[PDB]
file query07.pdb (PDB, C-alpha atoms)
ATOM      1  CA  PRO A   1       0.000   0.000   0.000
ATOM      2  CA  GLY A   2       0.969   3.637   0.431
ATOM      3  CA  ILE A   3       3.952   4.663   2.513
ATOM      4  CA  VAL A   4       3.503   6.024   6.034
ATOM      5  CA  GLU A   5       4.004   9.763   6.570
ATOM      6  CA  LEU A   6       5.633  10.571   9.902
ATOM      7  CA  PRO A   7       7.420  13.781  10.926
ATOM      8  CA  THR A   8      11.150  14.323  11.165
ATOM      9  CA  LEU A   9      13.406  14.804  14.183
ATOM     10  CA  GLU A  10      13.405  18.573  13.645
ATOM     11  CA  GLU A  11       9.609  18.571  13.880
ATOM     12  CA  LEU A  12       9.845  16.322  16.947
ATOM     13  CA  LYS A  13      12.485  18.494  18.637
ATOM     14  CA  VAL A  14      11.266  20.232  21.802
ATOM     15  CA  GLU A  15      12.609  21.473  25.136
ATOM     16  CA  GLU A  16      11.868  18.400  27.228
ATOM     17  CA  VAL A  17      11.336  18.625  30.978
ATOM     18  CA  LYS A  18      14.362  16.891  32.527
ATOM     19  CA  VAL A  19      12.394  16.432  35.732
ATOM     20  CA  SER A  20      12.182  13.264  37.812
ATOM     21  CA  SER A  21       8.946  11.451  38.618
ATOM     22  CA  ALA A  22       9.084  12.308  42.324
ATOM     23  CA  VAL A  23       9.418  15.991  41.411
ATOM     24  CA  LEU A  24       6.472  15.672  39.023
ATOM     25  CA  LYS A  25       4.338  13.936  41.652
ATOM     26  CA  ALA A  26       5.249  16.621  44.189
ATOM     27  CA  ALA A  27       4.117  19.308  41.746
ATOM     28  CA  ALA A  28       1.288  17.142  40.384
ATOM     29  CA  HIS A  29      -1.835  18.779  41.813
ATOM     30  CA  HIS A  30      -0.782  22.353  41.086
ATOM     31  CA  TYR A  31       0.323  21.341  37.587
ATOM     32  CA  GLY A  32      -3.097  19.780  37.088
ATOM     33  CA  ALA A  33      -4.765  22.933  38.390
ATOM     34  CA  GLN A  34      -2.714  25.597  36.585
ATOM     35  CA  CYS A  35      -1.841  23.967  33.243
ATOM     36  CA  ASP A  36      -5.232  22.280  32.938
ATOM     37  CA  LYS A  37      -6.538  23.956  29.779
ATOM     38  CA  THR A  38      -3.589  23.123  27.512
ATOM     39  CA  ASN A  39      -3.436  19.556  28.840
ATOM     40  CA  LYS A  40      -7.162  19.053  28.279
ATOM     41  CA  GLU A  41      -6.852  20.473  24.752
ATOM     42  CA  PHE A  42      -4.073  17.980  24.012
ATOM     43  CA  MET A  43      -6.072  15.076  25.435
ATOM     44  CA  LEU A  44      -9.139  16.172  23.449
ATOM     45  CA  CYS A  45      -7.165  16.298  20.204
ATOM     46  CA  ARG A  46      -5.558  12.924  20.952
ATOM     47  CA  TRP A  47      -8.868  11.213  21.721
ATOM     48  CA  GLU A  48     -10.605  12.816  18.736
ATOM     49  CA  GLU A  49      -7.837  12.430  16.152
ATOM     50  CA  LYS A  50      -6.370   9.010  16.926
ATOM     51  CA  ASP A  51      -3.229   9.835  14.944
ATOM     52  CA  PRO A  52      -0.478  11.186  17.247
ATOM     53  CA  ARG A  53       1.063  13.156  14.371
ATOM     54  CA  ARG A  54      -1.938  15.516  14.308
ATOM     55  CA  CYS A  55      -1.238  16.793  17.843
ATOM     56  CA  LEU A  56       2.465  17.701  17.898
ATOM     57  CA  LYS A  57       1.666  21.406  18.281
TER      58      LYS A  57
ATOM     59  CA  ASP B  81     -72.981 -33.693 -18.406
ATOM     60  CA  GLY B  82     -71.358 -33.829 -21.845
ATOM     61  CA  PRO B  83     -67.898 -33.576 -23.397
ATOM     62  CA  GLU B  84     -67.394 -29.834 -22.881
ATOM     63  CA  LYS B  85     -67.274 -30.271 -19.094
ATOM     64  CA  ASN B  86     -64.416 -32.774 -19.268
ATOM     65  CA  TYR B  87     -62.685 -30.744 -21.995
ATOM     66  CA  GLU B  88     -62.664 -27.499 -20.022
ATOM     67  CA  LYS B  89     -61.793 -29.278 -16.767
ATOM     68  CA  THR B  90     -58.782 -30.769 -18.553
ATOM     69  CA  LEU B  91     -57.857 -27.286 -19.779
ATOM     70  CA  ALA B  92     -58.000 -25.912 -16.224
ATOM     71  CA  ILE B  93     -55.918 -28.823 -14.899
ATOM     72  CA  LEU B  94     -53.301 -28.361 -17.626
ATOM     73  CA  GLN B  95     -53.064 -24.627 -16.924
ATOM     74  CA  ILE B  96     -52.569 -25.297 -13.203
ATOM     75  CA  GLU B  97     -49.896 -27.939 -13.800
ATOM     76  CA  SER B  98     -48.002 -25.849 -16.365
ATOM     77  CA  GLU B  99     -47.979 -22.868 -13.998
ATOM     78  CA  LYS B 100     -46.720 -25.116 -11.194
ATOM     79  CA  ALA B 101     -43.922 -26.482 -13.404
ATOM     80  CA  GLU B 102     -42.817 -22.988 -14.432
ATOM     81  CA  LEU B 103     -42.903 -21.874 -10.790
ATOM     82  CA  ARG B 104     -40.775 -24.840  -9.687
ATOM     83  CA  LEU B 105     -38.154 -24.152 -12.363
ATOM     84  CA  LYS B 106     -38.099 -20.465 -11.427
ATOM     85  CA  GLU B 107     -37.724 -21.408  -7.753
ATOM     86  CA  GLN B 108     -34.726 -23.594  -8.590
ATOM     87  CA  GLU B 109     -33.117 -20.727 -10.507
ATOM     88  CA  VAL B 110     -33.850 -18.263  -7.674
ATOM     89  CA  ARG B 111     -32.341 -20.574  -5.054
ATOM     90  CA  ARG B 112     -29.251 -21.159  -7.200
ATOM     91  CA  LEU B 113     -28.703 -17.432  -7.778
ATOM     92  CA  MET B 114     -29.195 -16.534  -4.109
ATOM     93  CA  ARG B 115     -26.870 -19.297  -2.911
ATOM     94  CA  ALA B 116     -24.231 -18.240  -5.451
ATOM     95  CA  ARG B 117     -24.430 -14.512  -4.623
ATOM     96  CA  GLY B 118     -26.553 -13.975  -1.530
ATOM     97  CA  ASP B 119     -28.350 -10.686  -1.997
ATOM     98  CA  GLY B 120     -31.988 -11.657  -1.484
ATOM     99  CA  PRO B 121     -33.814 -12.708   1.678
ATOM    100  CA  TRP B 122     -32.572 -16.293   1.540
ATOM    101  CA  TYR B 123     -29.141 -17.738   2.396
ATOM    102  CA  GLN B 124     -28.196 -14.742   4.546
ATOM    103  CA  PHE B 125     -25.352 -16.203   6.577
ATOM    104  CA  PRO B 126     -24.746 -14.577   9.991
ATOM    105  CA  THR B 127     -22.356 -11.794  10.994
ATOM    106  CA  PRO B 128     -21.110 -10.610  14.418
ATOM    107  CA  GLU B 129     -23.486  -8.177  16.069
ATOM    108  CA  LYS B 130     -22.705  -4.496  15.612
ATOM    109  CA  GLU B 131     -24.451  -3.305  18.779
ATOM    110  CA  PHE B 132     -21.969  -5.035  21.127
ATOM    111  CA  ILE B 133     -18.998  -2.803  20.248
ATOM    112  CA  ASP B 134     -17.628  -0.233  22.671
ATOM    113  CA  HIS B 135     -17.614   3.313  21.321
ATOM    114  CA  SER B 136     -16.921   5.048  24.634
ATOM    115  CA  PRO B 137     -13.535   6.747  25.106
ATOM    116  CA  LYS B 138     -10.943   4.341  26.448
ATOM    117  CA  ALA B 139      -7.601   4.375  28.251
ATOM    118  CA  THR B 140      -5.497   4.287  25.104
ATOM    119  CA  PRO B 141      -6.347   7.124  22.681
ATOM    120  CA  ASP B 142      -5.152   5.155  19.624
ATOM    121  CA  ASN B 143      -8.316   3.132  19.083
TER     122      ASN B 143
END

call {"tool": "encode", "arguments": {"input": "query07.pdb", "output": "structure tokens"}}
result
Amino acid sequence: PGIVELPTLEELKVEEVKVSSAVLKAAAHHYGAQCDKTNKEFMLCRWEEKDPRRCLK
Amino acid sequence: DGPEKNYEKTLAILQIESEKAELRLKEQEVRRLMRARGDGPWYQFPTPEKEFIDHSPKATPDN
């Protein structure tokens, strides 16, 4: 069939959070309260468009 | 009663039997066509039920 179209490493490049899981769990509730809208937008786009390449932004 | 009674009774019987023969041949052709390419009421083989599929959002988004 047709070939699969997936983005390149430059499109997948981002400033990752080099933060440990204990740090994340310590800041978990306030991160879920303050950054809620962007996270819910990303989850909505992921559960509507099943393709992960449509939600890189 | 006379010969016309038997004559016309024989005509009615022959019409009935000829119609029955044509109907039986047509039924054989219908059954053969439906079994070959099932698109009529008959020979409709089953299929898993559509209503027992989850469409609710799930844990993994890639569904």

call {"tool": "interface_residues", "arguments": {"input": "query07.pdb", "of": "chain B", "to": "chain A", "cutoff": "7 Å", "atoms": "all atoms listed in the file", "output": "ChimeraX atom specification"}}
result
/B:141-143

call {"tool": "atom_distance", "arguments": {"input": "query07.pdb", "atom1": "CA of residue 98 (chain B)", "atom2": "CA of residue 116 (chain B)"}}
result
27.2 Å

call {"tool": "residues_around", "arguments": {"input": "query07.pdb", "residues": "residue 56 (chain A)", "least_positions_apart": "4", "cutoff": "9 Å", "atoms": "only C-alpha atoms", "output": "count of residues only"}}
result
4

call {"tool": "axis_aligned_box", "arguments": {"input": "query07.pdb", "around": "region 24-31 of chain A", "padding_each_side": "6 Å", "output": "lines of an AutoDock Vina configuration file"}}
result
center_x = 2.3
center_y = 18.1
center_z = 40.9
size_x = 20.3
size_y = 20.4
size_z = 18.6

call {"tool": "atom_distance", "arguments": {"input": "query07.pdb", "atom1": "CA of residue 99 (chain B)", "atom2": "CA of residue 85 (chain B)"}}
result
21.3 Å

call {"tool": "atom_distance", "arguments": {"input": "query07.pdb", "atom1": "CA of residue 114 (chain B)", "atom2": "CA of residue 126 (chain B)"}}
result
14.9 Å

call {"tool": "residues_around", "arguments": {"input": "query07.pdb", "residues": "residue 13 (chain A)", "least_positions_apart": "5", "cutoff": "12 Å", "atoms": "only C-alpha atoms", "output": "mmCIF file with C-alpha atoms, in the frame of the given file"}}
result
data_model
loop_
_atom_site.group_PDB
_atom_site.id
_atom_site.type_symbol
_atom_site.label_atom_id
_atom_site.label_comp_id
_atom_site.auth_asym_id
_atom_site.auth_seq_id
_atom_site.Cartn_x
_atom_site.Cartn_y
_atom_site.Cartn_z
ATOM 1 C CA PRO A 7 7.420 13.781 10.926
ATOM 2 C CA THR A 8 11.150 14.323 11.165
ATOM 3 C CA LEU A 56 2.465 17.701 17.898
ATOM 4 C CA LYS A 57 1.666 21.406 18.281
#

call {"tool": "build_atoms", "arguments": {"input": "query07.pdb", "residues": "region 1-12 of chain A", "atoms": "N, CA and C atoms", "output": "PDB file, in the coordinates of the input"}}
result
ATOM      1  N   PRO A   1       0.809  -1.217   0.000  1.00  0.00           N
ATOM      2  CA  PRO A   1       0.000   0.000   0.000  1.00  0.00           C
ATOM      3  C   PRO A   1       0.843   1.269   0.000  1.00  0.00           C
ATOM      4  N   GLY A   2       0.237   2.388   0.384  1.00  0.00           N
ATOM      5  CA  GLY A   2       0.969   3.637   0.431  1.00  0.00           C
ATOM      6  C   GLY A   2       1.934   3.689   1.599  1.00  0.00           C
ATOM      7  N   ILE A   3       2.960   4.524   1.457  1.00  0.00           N
ATOM      8  CA  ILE A   3       3.952   4.663   2.513  1.00  0.00           C
ATOM      9  C   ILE A   3       3.387   5.510   3.649  1.00  0.00           C
ATOM     10  N   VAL A   4       3.958   5.330   4.834  1.00  0.00           N
ATOM     11  CA  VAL A   4       3.503   6.024   6.034  1.00  0.00           C
ATOM     12  C   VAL A   4       4.226   7.360   6.140  1.00  0.00           C
ATOM     13  N   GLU A   5       3.474   8.409   6.464  1.00  0.00           N
ATOM     14  CA  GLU A   5       4.004   9.763   6.570  1.00  0.00           C
ATOM     15  C   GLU A   5       4.137  10.107   8.045  1.00  0.00           C
ATOM     16  N   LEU A   6       5.372  10.205   8.521  1.00  0.00           N
ATOM     17  CA  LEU A   6       5.633  10.571   9.902  1.00  0.00           C
ATOM     18  C   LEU A   6       6.672  11.682   9.952  1.00  0.00           C
ATOM     19  N   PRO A   7       6.577  12.579  10.934  1.00  0.00           N
ATOM     20  CA  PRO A   7       7.420  13.781  10.926  1.00  0.00           C
ATOM     21  C   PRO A   7       8.872  13.466  11.244  1.00  0.00           C
ATOM     22  N   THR A   8       9.715  14.466  11.010  1.00  0.00           N
ATOM     23  CA  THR A   8      11.150  14.323  11.165  1.00  0.00           C
ATOM     24  C   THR A   8      11.582  14.724  12.574  1.00  0.00           C
ATOM     25  N   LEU A   9      12.869  14.512  12.859  1.00  0.00           N
ATOM     26  CA  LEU A   9      13.406  14.804  14.183  1.00  0.00           C
ATOM     27  C   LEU A   9      13.396  16.297  14.478  1.00  0.00           C
ATOM     28  N   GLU A  10      13.507  17.132  13.446  1.00  0.00           N
ATOM     29  CA  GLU A  10      13.405  18.573  13.645  1.00  0.00           C
ATOM     30  C   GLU A  10      11.990  18.973  14.043  1.00  0.00           C
ATOM     31  N   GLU A  11      10.983  18.309  13.471  1.00  0.00           N
ATOM     32  CA  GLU A  11       9.609  18.571  13.880  1.00  0.00           C
ATOM     33  C   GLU A  11       9.318  17.994  15.256  1.00  0.00           C
ATOM     34  N   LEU A  12      10.028  16.939  15.642  1.00  0.00           N
ATOM     35  CA  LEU A  12       9.845  16.322  16.947  1.00  0.00           C
ATOM     36  C   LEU A  12      10.759  16.903  18.016  1.00  0.00           C
TER      37      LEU A  12
END
